[PDB]
Structures are given as structure tokens and as C-alpha cells.
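Q: enclosed are the sequence and the experimentally obtained structure.
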Amino acid sequence: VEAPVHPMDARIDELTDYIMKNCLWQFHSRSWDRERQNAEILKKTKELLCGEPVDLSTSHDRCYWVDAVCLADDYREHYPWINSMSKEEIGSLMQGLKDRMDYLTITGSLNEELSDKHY
Amino acid sequence: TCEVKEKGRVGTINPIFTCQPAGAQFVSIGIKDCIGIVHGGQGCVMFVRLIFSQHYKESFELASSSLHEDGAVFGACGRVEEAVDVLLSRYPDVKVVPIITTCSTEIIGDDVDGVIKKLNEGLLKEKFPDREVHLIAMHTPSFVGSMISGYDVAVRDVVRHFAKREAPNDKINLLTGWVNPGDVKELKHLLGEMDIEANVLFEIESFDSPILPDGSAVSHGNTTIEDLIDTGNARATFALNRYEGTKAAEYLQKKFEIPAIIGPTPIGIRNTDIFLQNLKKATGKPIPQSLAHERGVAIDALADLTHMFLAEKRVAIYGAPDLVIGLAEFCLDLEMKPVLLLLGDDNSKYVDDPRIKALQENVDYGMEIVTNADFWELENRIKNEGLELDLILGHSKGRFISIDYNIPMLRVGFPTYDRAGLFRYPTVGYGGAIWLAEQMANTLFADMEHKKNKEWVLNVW
Amino acid sequence: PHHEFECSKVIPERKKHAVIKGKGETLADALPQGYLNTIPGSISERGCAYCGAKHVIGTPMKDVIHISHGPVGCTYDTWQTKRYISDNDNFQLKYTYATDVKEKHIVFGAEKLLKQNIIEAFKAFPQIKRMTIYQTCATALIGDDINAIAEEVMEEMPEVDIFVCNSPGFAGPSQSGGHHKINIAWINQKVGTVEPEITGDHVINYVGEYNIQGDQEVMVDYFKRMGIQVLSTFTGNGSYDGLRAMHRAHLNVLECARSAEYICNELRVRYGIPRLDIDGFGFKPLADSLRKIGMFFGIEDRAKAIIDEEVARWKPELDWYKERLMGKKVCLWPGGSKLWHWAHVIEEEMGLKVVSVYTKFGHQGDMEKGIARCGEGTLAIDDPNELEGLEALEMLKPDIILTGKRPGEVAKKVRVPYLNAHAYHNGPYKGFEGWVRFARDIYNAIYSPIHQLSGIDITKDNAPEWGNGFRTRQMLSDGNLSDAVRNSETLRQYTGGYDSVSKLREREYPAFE
Ligand code: CLF
Ligand SMILES: [Mg+2]
Ligand SMILES: [S]
């Protein structure tokens, strides 16, 4: 598998670093869990970053939301450039991020255990 | 009267000892250039290295064969072969490598003598032809005896391996037993004053290792291959501790006709006297004035304490059987009343011990000696059968009984991890008689202050 | 890139188990191997699968007879080596049980022995009605059916319950196989078997916490101040019947993922309970953890309050140590989770430079977390052995290592100070206060005047005068601090007492309704 590429790789270098240094939600036990986590939490991060509403209708949603809220907030504080970017550019930034995160933790992962069918 | 009885319960609550392999590992850490491999699961060695750490606050080198699932189904002699190769390949100075079995490798029936012979003819000749390497089987199943019997076995196996009678000499073999560096020092002092040279099994004074400015020191034993070989040439074997050196002493007797003087453990004045008498008898050397002086200095210390403070104190004692018995004896000379002795394994030979026969002949108050004991044998008696005690003597694993039932305790035996520095002081000899009596007193004194029990009396004794 | 130790050239496989985090390298570029078999004779740090099952996870339970079906050895070797405390007078530290399997059981089996043991134990401890039997090497090999015996007794004795843990030493390469076995055995045998009284709208399982020196009590204090009911803790300070009701939690708060992700994973599958991973150590990781837990329940206000008061109370003290600790090099050398819990926050908050991390039994997931949080240049090692440890000390010249007791004593001899990452020094180290306690112990280790003395060669003809009978820590530590630092009005040393946990056992917690 080849490392993904993106126009905004500079800014995704920064956001990826942050998640690797601070977050744990990206390192669940199995590939399918990781797919779910990466997708669901980066979804709500975009939503929040883009003023868009979020769906809190299951307890699973609330669990994704809490990691999403903290990640969004730290982005606005610690990476304040993000604050002067349109919803167009932000959605593009987030799709680039998810792809790098999915690469680093799933499709590019050297963690051989991620495919064990049994927990 | 003094009644010997076996523990009633079949199970163990709060054990006094661990299993035979731990005793073989202890023997092995006392030999220069020795690193045992423990043939079994990883815990059988790593947990034991922690025990030794708890007592000494030092790390000693011991390896695992790392048994896993496959070896447990199919046999694990290959795990040994790999271990020996990996050990020798990375530790150039190693010359002695015990192969110590566990419950697992005994049950699955691995042929250890077999796989050693193979390595001697094979690997060692091919890959390591310029090196001295002594592989030694130690069959130490955990489901008989205890670390104490494991020690006995291992000392026999090392002497059996090495001992040859090429050049008879006048040295003795002194099998110290499983004792502290302070005991080795004391025993060496006594031998020096008698002018008697010895092979001292084991020379563990160097367990007390420094932090040098160049970070170059390590804890290690100093019993050497030469010393072990020389055990065949001695004019007698003094095995101080019957339960820890009988097998090796009798092996040399049976194989080379070296007379074995087994015991008594030189704890207290009287037992130290018997040691010195037995050395004279064995070697013809006179007991010098200098030791009568040191003896009298020891007696002086005891005189200040005995009828004032120690008389009629009610004592429980546990730990290595030789220690337990030796202590009981010294306590009686100190006018004390040892009322419960725990002997915490299955040895069937305690009832035959002459020292225990003497206790049965001679003790005239209520005393119990419990065989196959555990710590619940002491705690249950305190909690539910009204046993009253003034003092406990034993190792640190019994500590919560002391702490929670407000009976003070002197730390003796092995391991002593809940106090600092105890390994540097003697329990044997005249020096040890001083240390035991004064530290029992000091322990009682602190307790009298804690409880406000005539604490004001400690002024003009 | 991968790293090969001089000491381990003759065992080339070892190269696969260590990596230095190279410039620009991502997780896709390099990751150590993990959870493979152990090389015999290597003097690996590793222990056994009974250790992982019984010694680490099982025994913390505080209202349980922890009985090991086997010879005495396994039991003695696991007694009074751990600091998992409890508010049941440390029952789990003071009382241990072995069946004392003998020769005559090797041929014939030891099932009668086991049952007699079980009855003796319950009789001796009439206030205890819960038991866990742990299989050991020997009883695996003789093939006793522990599960059947335990069922026979529960039928005979309905007032008791018995959990069975079949995880002998040889079952796997390390601790790790026992973690799995007991996680799964617990959820298969016991979870779902008790209906708990609920006493709140907000209910968690706190999972993967073993309460070393009171860590669990630190965390549960925060949760009780948030008005959260902690339904169970797996397993530090935990109740057996409390853990039997894990199915009823609204959330699984997972601290030690290594040991307990297994049971969280199955609770999600079987009961739909979500899994939120947290960090127990450090001001940021812990504040984020508490913020998320509160925000999940809609009570973020309560968590914000706690975070606010605690940081105000303790940050002035943390920063005292940070200023003296800046640039000091540290190896994070526990067994597992701690290595990644600490890897970033200890650099950020204590100013230490993490130069190495190591896991005894960790999986590749733990190296992921580890390497993700570490700085470029950091040596990560899987299944380290003694010579590699010593070579790493020579190569990296750390100022302190956080590691086990006996490994600490190896480092002692070559003039490297240690704290006990496992059992702690002056713990507990979780929480805000704990993090200051932690920093102080590091300071006291690094700036020990006895440590400075040990470096002096008294034989040296060149050695200069001393003309002073002491040197204080602060003499050795404060020599080159800014005047602003050294004369601060806020910065101060730790002001807490010797025991930071006993106060919490008295504490009263107001209901939020
Ligand atoms: S790998 Fe682990 S600690 Fe080892 S035996 Fe196995 S479950 Fe136990 Fe037990 S009684 Fe002694 S210590 Fe061993 S030799 Fe047997
Ligand atoms: Mg020392
Ligand atoms: S381990």
C-alpha cells in the first residue's frame, strides 16, 4: 500500500502529529474497529469544525462525540490557522486527515494482529 | 510437655517456604562463574530472582528455558539445548551451568541427564571446544519437599559433579547451610582462630556488592570450581545444617570416606561450643584462649538480659528447620519458653532429629512442634485458640501476624525484606548469640514502649 | 529503523524486536515485533501466563479466596510482592492459598485434594463466600477438571460462588496469554450473573486498573465527585459480585488497554457498552479523560470544576520539579501500558527527555502507542533481556530509569538511579497529586547527594577538596536556574503528606440527586 497524498499535506502533517501524541481512540484492537473509530470520530470532528450539527442518538455516538469535541477544541487553540479556513477547505482537510489516519493505523499498519477474528 | 504433631489441614494457607527449584537456584548463585538454567516456565526463575532481590536488594544471574505450549505437549529437551547455546554464546565467562527442573519438566518427563550428555559430546565439543563448561542436572520436582530440600539436593549435585580425591589435605569442608553473609564472616572468623583451612560452601560475602565510581561491580558468589573439586580431598565434612547439607556430606562419606559431622547448627553459646569441640576432635587443633575471651564477652551481653527480660518469654519460631530448632535451643538457655515451632514442609525426618528428641525428653511446659506447617497454624492458634505470645522469631513473610495481632517480631532466616541490612549480621556463633539476644531484647523494649508496659523499667537494668 | 544490540548479534531475530524512531519515519515505516515466543537462555525479563492471570489481574479482587491449584511454590512466589491495596483491610495481600499438590497426585490426579482445600478455606474464612481457583503448570499437566470440582462445590454450597481460571505458566510466551484467558473466562463464566442496585443516572465500569498504592482510589475519588456511580473496577479494589454485574454499565472507561481491552471488546459485542480509552497519569491526559467522561454524561461542568481546583492546587508544585528536571534523560521500562501512558506527557510536563521505552509482554499495538507518543531518536524494545538493558544504559546514559525492582538493582550497580515504575516509590502516581509525587521521586533519585558521592573516586591523587560535610539536593539542582525561577513566589516543593490516599477513604461525597 502507498502512502496517500494531498494538497494540504503540510497541515495534515501537523494534525496527524497531534493525534499520535495525544489521542488513543485511533489504536483500538482490530481493523474493523479502527475503520469504525477513524470514520466516526473524524466525521464528528469535521461536523463540529464546520458549524454543522452532530448526531448524538446512541451512546456510541456520544462516545465518538467526546473525543471529537476535545480534538476540535485543541485544533482551534493550538493550530489557530484552521480558524481562518472555509467549510470547503476544512472538509477537504478532514478527508486528507482520515485517509492518512486510515493509512497509518489500518491499511499501512505493521501491526499484524489487527486481523485476528477473535478478541 | 513438648508434643510433635503434623498439621491437620491437607491444604496450605499462607506458605512458609517455596519449592525445591528455589533452593537449587540459591545454591547456584553462590558459585563463581555460575549461571543456572531453570527448565520450566518463566515464572519459576523470574519469581525466584525477585525473592533473592527482596532479601539482598541485588540482582543475580539466572536463566529460563522458557517452556511454552508445544514443549508441554511434546517434551521440551530442545528448549534446554537452545538455552545452553544462547547462554554460552552471550556470556563468555560462564563455566558452571546447573540445569534445574521444575514441576513441569519433571511431570512431562524430560530426560535431562540425556540432553546434557548430548550437549557435552555435541554442542560443547563443536562450538565451544576452548571453554571449560560444567553442565549439572538438578532434579528438583516442586511437589515434594521445599526450597530447603532443594538446597540439600543441589549441594549434593554440585559436589557429586566436581569432587575428586587426587591430593588429600588437611582442609575441612564447611557446608555453612543457607545462611547470611554475616554468618559466613562469623564462621570464617572461628575457623581462622582455630587455624583450620576449609572449603567454604558457599562464599557469598560478595553478595554485598559496592557501587564503585566506575560502575564495575556486581553481586556474585566466590565458591570456585577449584574449591568444589577440592571437597574430595578434605579430612572431614562439617554440615552445620542437617536439612541443607546432609546429602552432600553423606555423599562424600560414601564415595571418598570423608567423615561427616552433621550439626548441630551453631546457634547460641552451647551449640557454638559443640562446633568448636567437634573441630578440635576432627582436626586435633586446640581451642585458643582468644575464643574463650570472645565467648565470655558474648556471655556478658547475655547476662545483662537473661533473668531480667528474657526469662519466661513465650516465643513462636518458624523458618528453615535448622534455624527453628537452633533458636528454640538457644531460647531455652536464655530461660525463655518457645511454645510453638513451625516446620513448614513434608520432611518425614524431623521426628528422628536428635535435637527434637531432646526437646521431647526435657521440655516441661506446654509446647507444640507442628510439621508440614503453614502460617495459619500460628494465626489460627492466636485468633481462635487463645495462644499467648511475647515474641515471634521468623522471616518477613509472617509479618502481618506480628503487625495485626500486636506481637513483636525479630526478623531471622530468609527472606528478611521488611528490614534493612539484616544479611550483614550473624545469627551463628558467639557473635550471633550477641546479635540474637540483644536484638530480641531491643524488639521487646520497643514493644514495651509502644504498649506502655512498664516502659519506665528500662533505666537501671 | 530497526536496532541490533552488540550483545544480541549472535541472536539475529532480536533485531526485529527493537526500533529507533528515525527522522520522518511513520508507523507504517517501522514497528517492533511483539507477542512472539521467548528465546531460551536470553535472560528475558518475562514471566509466566499464571503471573498474568492470577498475579496481575485476579488477586486484586478484595473479597475473594485466591487459591492456586498446584504445588506451594507458585503461591509463595506470588505472595507479598504486590502493592494492590483494598478497603477490605488488604485481605488480598494478607491471605493466600495453595492446594499443596504432592507426588501421589501426579499419577492419580488431585481433584479430591482440591475439593478438601476448598472446604478448609471457606471454613477458615467464614466471612468470605467467593473464590477463584487458578490452574498452575502442574495441575494443567495432570489434567484435573477444576471447572467440574468448582460446580460440585457450588451445588453442595449455594451460599458461595467459585470462578475458575485455567491459565498455567506455560500457556503462552508471557504474562499476556493469561490476561486474555482470565478476561474471557470472567465474561464467559461470571458477567451477567448478578443484577446490581443502581444508585445514579451515570454508571461506569472502570476497567484495567489494579489499584497499585491506591491508584484506583485516586481515580474513583474524581468519579464520585462527578456524581458517577462506579459499578465495578476490573480489578483493583474490586468486589467479585460487583464485577459479576459489569453488563449494566453505560460506559467502559479503559485505562490499561493491554490487560483489559479483551473484556471491553466483548462487552461491546455482547451488551453494546461503548469503549472509551483514558490516561490515568499526567495533568493534560487526565483532564482530557475527565472532560470526556463528564461530557459523555452531560455533566462536563462537574469535571471542569475538579480539573480547575486540582491544577490550581498542584501545578505550582509540579512546575517546581519541571524546572529542575529539564533535559534529564529517562527510560520508560515497565512491563506494558505505563510506557505509552507516560511517553509524551512526561516530556511535556516534567521536562524529561524520553530516550527509551520497553515492553516485556506488550503487543505491536503497545509499540504503536509507544512510538506515536515518543520523540524522534527514541529506542523502543520488545521483550528486552538483561544484556540489552545494560547495553542500552551504556549507549543512552539516562539520568534515571523507571523499571522493576530487580532490574533497578542491576542499574544501581552501574550508577543509574531508578524508580519502581511497577510498584511505585512514594505512590500512588495517578491523579494530579500523584503526578507531583512522581516528579518529586524522580528529583530525589536524580539529585541524591549519595548518588553524587558514589561517582567520586577517593583513591584519585587528583581529587579536589570538599571542606563540607553535606550537599543538599537543592545545592546540586538549583546551581543554574534563572533568578526568576529560583526566586519565584508561586513555585514550591510538594506539600502533601506521606500517605495521599487514606484521607480519601474517610471523604464524604454529596449526592447530586
Ligand atoms: S511457570 Fe508460573 S510460577 Fe512456574 S511452576 Fe508454572 S505457573 Fe508456577 Fe510453581 S511449584 Fe515451583 S514455582 Fe515453578 S517449580 Fe512449579
Ligand atoms: Mg546491596
Ligand atoms: S512477562
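A: Perfect, thanks for sending it. Residues are numbered from 1 along each chain as shown, chains lettered A, B, ... in the order given. Ligands and ions are numbered 1, 2, ... in the order given.
Q: every contact and neighbour count from this point should use C-alpha atoms.
A: Noted.
Q: tell me the centre residue of the chain?
A: No chain in the question, so chain A it is. Nearest residue to the geometric centre of chain A (Cα atoms, centre = their mean): residue A:42, 3.8 Å.
Q: the chain in question should be chain B.
A: Closest-to-mean residue, chain B, Cα atoms, centre = their mean: residue B:178 / 2.0 Å.
Q: so that residue sits against residue B:244, correct?
A: Yes. Using Cα atoms under 8 Å, residue B:178 makes contact with residue B:244 at a distance of 7.1 Å.
Q: residues shared between the contacts of these two?
A: Residues touching both residue B:178 and residue B:244 (Cα atoms under 8 Å, 6 or more residues apart in numbering or on different chains) are residue B:151.
Q: ok, the residue of chain A found nearest ligand 3 - contacts?
A: The minimum distance from chain A to ligand 3, using Cα to the nearest ligand atom, falls at residue A:113 (18.5 Å). Residue A:113 makes contacts with A:30, C:364, as judged by Cα under 8 Å, 6+ apart.
Q: any idea how far it is from residue B:266?
A: 60 Å (Cα to Cα, to the nearest Å).
Q: same check, this time on residue B:431
A: Taken as Cα to Cα, the span from residue B:431 to residue B:266 is 11 Å.
Q: the two - which one has more neighbours?
A: Neighbour tally, residue B:431 and residue B:266, criterion other Cα atoms under 10 Å in any protein chain shown: the higher count belongs to residue B:266, 28 against 23.
Q: can you name the residues that contact that one?
A: Residue B:266 is in contact with B:240, B:272, B:273, B:274, B:275, B:326, B:428, B:429, counting by Cα under 8 Å, 6+ apart.
Q: mind redoing it with 7 Å?
A: Going by Cα atoms under 7 Å, 6 or more residues apart in numbering or on different chains, residue B:266 touches B:272, B:275, B:428, B:429.
Q: can you check residue C:73 too?
A: When contacts are taken as Cα under 7 Å, 6+ apart, residue C:73 is in contact with B:18, B:19, B:142.
Q: and residue 62, how many neighbours does it have?
A: The chain I'm using is chain A. Residue A:62 - counted by other Cα under 10 Å - has 20 other residues nearby.
Q: sorry, should have said chain C
A: Neighbours of residue C:62 (other Cα under 10 Å): 25.
Q: now it: closest residue in space, sequence neighbours ignored.
A: Residue nearest to residue C:62 in three dimensions, not counting chain neighbours: residue C:92, with 5.2 Å by Cα to Cα, 6 or more residues apart in numbering or on different chains.
Q: neighbours around the one you found, how many?
A: When counting by other Cα under 10 Å, one arrives at 24 neighbours for residue C:92.
Q: look up phi and psi at residue B:223.
A: Residue B:223 has phi and psi values of phi -70, psi 120 when expressed as degrees, to the nearest 10.
Q: residues contacting the residue nearest to it when sequence neighbours are not counted?
A: Leaving aside its chain neighbours, residue B:223 sits nearest to residue B:31 (4.6 Å; criterion: Cα to Cα, 6+ apart). Contact analysis of residue B:31 by Cα under 7 Å, 6+ apart lists B:221, B:222, B:223, B:224.
Q: count the neighbours of the third one for me.
A: Put plainly, it is residue B:223. Counted with other Cα under 10 Å, residue B:223 comes out at 21.
Q: and it, what does it touch?
A: B:30, B:31, B:32, B:201, B:202, B:203.
Q: hmm, 10 Å instead?
A: B:28-34, B:199-204 (Cα atoms under 10 Å, 6 or more residues apart in numbering or on different chains).
Q: if we can go back for a sec, quick one: the residue of chain A closest to ligand 3 is in a helix?
A: Yes. Remark: residue A:113 belongs to a helix, assigned using DSSP: H, G, I helix; E, B strand; the rest coil.
Q: from residue C:49, how far out is it?
A: Residue A:113 is 19 Å from residue C:49, by Cα to Cα.
Q: isn't residue C:236 right up against residue C:214?
A: Yes. With contact defined as Cα atoms under 10 Å, residue C:236 counts as touching residue C:214 (8.7 Å).
Q: quick one: common contacting residues for the two?
A: Shared contacts of residue C:236 and residue C:214, defined by Cα under 10 Å, 6+ apart, are found at C:84, C:85, C:86.
Q: and of the residues you listed, the nearest to chain A?
A: Nearest to chain A out of those is residue C:84 (Cα to the nearest Cα; 25.6 Å).
Q: need the contact list for the residue of the stretch 151-300 of chain B found nearest chain C.
A: As assessed by Cα to the nearest Cα, chain C sits closest to residue B:215 within the stretch 151-300 of chain B, at 3.8 Å. Under the criterion of Cα under 10 Å, 6+ apart, the contact list for residue B:215 reads C:411, C:412, C:413, C:414, C:415, C:416, C:454, C:455.
Q: and the buried ones among the residues you listed, selectable in PyMOL?
A: What follows is the PyMOL syntax selecting those of the contacts of residue B:215 that are buried according to 16 or more other Cα atoms under 10 Å in any protein chain shown:
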select buried, chain C and resi 411+412+413+414+415+416+454
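Q: in JSON lines, list the contacts of residue B:215 along with secondary structure and distance to residue B:313.
A: Below are the contacts of residue B:215 laid out as JSON lines (DSSP: H, G, I helix; E, B strand; the rest coil; distance: Cα to Cα, whole Å):
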{"residue": "C:411", "secondary structure": "helix", "distance to residue B:313": "45"}
{"residue": "C:412", "secondary structure": "helix", "distance to residue B:313": "42"}
{"residue": "C:413", "secondary structure": "helix", "distance to residue B:313": "43"}
{"residue": "C:414", "secondary structure": "coil", "distance to residue B:313": "47"}
{"residue": "C:415", "secondary structure": "coil", "distance to residue B:313": "46"}
{"residue": "C:416", "secondary structure": "coil", "distance to residue B:313": "47"}
{"residue": "C:454", "secondary structure": "helix", "distance to residue B:313": "45"}
{"residue": "C:455", "secondary structure": "coil", "distance to residue B:313": "48"}
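Q: my guess is residue B:97 meets residue B:119, correct?
A: No. At 12.0 Å, residue B:97 does not count as touching residue B:119 under the criterion of Cα under 10 Å.
Q: the more surrounded of these two?
A: residue B:97 (23 against 17).
Q: pretty sure the more buried one sits in a strand.
A: Yes. The assignment for residue B:97 is a strand, going by three-state DSSP.
Q: that's all I had, so thanks and see you.
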